[PDB]
Amino acid sequence: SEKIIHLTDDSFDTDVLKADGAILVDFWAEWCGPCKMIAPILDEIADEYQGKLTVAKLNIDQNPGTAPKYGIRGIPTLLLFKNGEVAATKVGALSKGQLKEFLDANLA
């Protein structure tokens, strides 16, 4: 059950900040319907982008510490990290096609 890294506040440094390569971090919560709408889409991307990218999820209620560090203000927010640095930001639900395009464009 791990293609997706399931992050915590304590593991966020190792898992994201010190990863060699691109991580796609999904800031989300259980009550958030758009967050849940995109979850299946993230599963497909995890598979599709395997070897180019890792997908990780931080649940902002269970892990309240990390989101303020990135000025997160609404969910879902997708932050693309490249080797510990944020390259791209996407706020709100989007389709698979839209996510593919956001990824393809920011991964170069």
# chains A, B, ... in the order shown; residues from 1 in each chain; ligands from 1
>>> residues_around(residues="residue 95 in chain A", least_positions_apart="2", cutoff="10 Å", atoms="only C-alpha atoms", output="short mmCIF file (atom, residue, chain, number, x, y, z; two decimals) with N, CA, C and O atoms, in the first residue's frame")
data_model
loop_
_atom_site.label_atom_id
_atom_site.label_comp_id
_atom_site.auth_asym_id
_atom_site.auth_seq_id
_atom_site.Cartn_x
_atom_site.Cartn_y
_atom_site.Cartn_z
N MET A 37 -11.64 13.81 -4.03
CA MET A 37 -11.83 13.69 -5.47
C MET A 37 -10.51 13.47 -6.22
O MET A 37 -10.45 12.66 -7.15
N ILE A 38 -9.45 14.16 -5.79
CA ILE A 38 -8.14 14.02 -6.47
C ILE A 38 -7.28 12.77 -6.07
O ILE A 38 -6.32 12.44 -6.76
N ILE A 41 -6.71 10.12 -8.47
CA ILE A 41 -5.96 10.66 -9.59
C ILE A 41 -4.48 10.57 -9.25
O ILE A 41 -3.65 10.21 -10.10
N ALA A 93 -8.77 21.42 -6.61
CA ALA A 93 -8.90 20.20 -7.41
C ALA A 93 -8.60 20.51 -8.87
O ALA A 93 -8.82 21.63 -9.33
N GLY A 97 -5.77 15.04 -16.58
CA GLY A 97 -5.17 15.82 -17.68
C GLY A 97 -4.47 17.12 -17.28
O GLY A 97 -3.38 17.45 -17.80
N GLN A 98 -5.10 17.87 -16.35
CA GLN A 98 -4.54 19.11 -15.87
C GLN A 98 -3.29 18.87 -15.02
O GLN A 98 -2.25 19.55 -15.21
N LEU A 99 -3.38 17.90 -14.10
CA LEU A 99 -2.22 17.44 -13.32
C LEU A 99 -1.07 16.93 -14.21
O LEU A 99 0.07 17.28 -13.97
N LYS A 100 -1.35 16.10 -15.21
CA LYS A 100 -0.32 15.66 -16.16
C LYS A 100 0.43 16.85 -16.76
O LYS A 100 1.67 16.91 -16.72
N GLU A 101 -0.33 17.80 -17.28
CA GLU A 101 0.23 19.05 -17.82
C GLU A 101 1.04 19.89 -16.81
O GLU A 101 2.06 20.48 -17.17
#
>>> select_by_dssp(residues="chain A", states="alpha helix (DSSP H)", output="PyMOL selection string")
chain A and resi 12+33-48+96-107
>>> closest_residue(among="A:25, A:47, A:13, A:6", to="residue 86 in chain A", atoms="only C-alpha atoms")
A:25
>>> atom_distance(atom1="CA of residue 63 in chain A", atom2="CA of residue 30 in chain A")
12.3 Å
>>> residues_around(residues="residue 88 in chain A", least_positions_apart="5", cutoff="9 Å", atoms="only C-alpha atoms", output="NGL selection string")
:A and (78-81 or 102-103 or 106)
>>> write_last_selection(atoms="N, CA, C and O atoms", output="mmCIF file, in the first residue's frame")
data_model
loop_
_atom_site.group_PDB
_atom_site.id
_atom_site.type_symbol
_atom_site.label_atom_id
_atom_site.label_comp_id
_atom_site.auth_asym_id
_atom_site.auth_seq_id
_atom_site.Cartn_x
_atom_site.Cartn_y
_atom_site.Cartn_z
ATOM 1 N N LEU A 78 -1.075 21.155 -3.983
ATOM 2 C CA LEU A 78 -0.004 20.309 -4.450
ATOM 3 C C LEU A 78 1.272 21.137 -4.642
ATOM 4 O O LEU A 78 1.306 22.059 -5.471
ATOM 5 N N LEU A 79 2.305 20.801 -3.863
ATOM 6 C CA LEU A 79 3.614 21.421 -3.991
ATOM 7 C C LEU A 79 4.586 20.451 -4.658
ATOM 8 O O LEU A 79 4.894 19.425 -4.085
ATOM 9 N N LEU A 80 5.102 20.788 -5.842
ATOM 10 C CA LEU A 80 6.197 20.017 -6.423
ATOM 11 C C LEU A 80 7.577 20.432 -5.832
ATOM 12 O O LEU A 80 8.038 21.540 -6.041
ATOM 13 N N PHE A 81 8.214 19.529 -5.087
ATOM 14 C CA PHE A 81 9.603 19.712 -4.623
ATOM 15 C C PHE A 81 10.613 19.087 -5.591
ATOM 16 O O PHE A 81 10.389 18.004 -6.108
ATOM 17 N N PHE A 102 0.597 19.966 -15.569
ATOM 18 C CA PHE A 102 1.320 20.716 -14.500
ATOM 19 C C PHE A 102 2.628 20.007 -14.190
ATOM 20 O O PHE A 102 3.652 20.645 -13.931
ATOM 21 N N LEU A 103 2.602 18.685 -14.255
ATOM 22 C CA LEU A 103 3.788 17.889 -13.944
ATOM 23 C C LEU A 103 4.772 17.919 -15.093
ATOM 24 O O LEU A 103 5.926 18.311 -14.913
ATOM 25 N N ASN A 106 6.542 21.212 -15.272
ATOM 26 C CA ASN A 106 7.415 21.678 -14.211
ATOM 27 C C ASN A 106 8.536 20.711 -13.881
ATOM 28 O O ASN A 106 9.397 21.026 -13.045
#
>>> closest_residue(among="A:18, A:29, A:1, A:39", to="residue 96 in chain A", atoms="only C-alpha atoms")
A:39
>>> residues_around(residues="residue 59 in chain A", least_positions_apart="4", cutoff="12 Å", atoms="only C-alpha atoms", output="PyMOL selection string")
chain A and resi 5-9+12+25-32+35-36+63-67+75-77
>>> closest_residue(among="A:62, A:69, A:92, A:107", to="residue 23 in chain A", atoms="only C-alpha atoms")
A:107
>>> closest_residue(among="A:34, A:73, A:15, A:91", to="residue 56 in chain A", atoms="only C-alpha atoms")
A:15
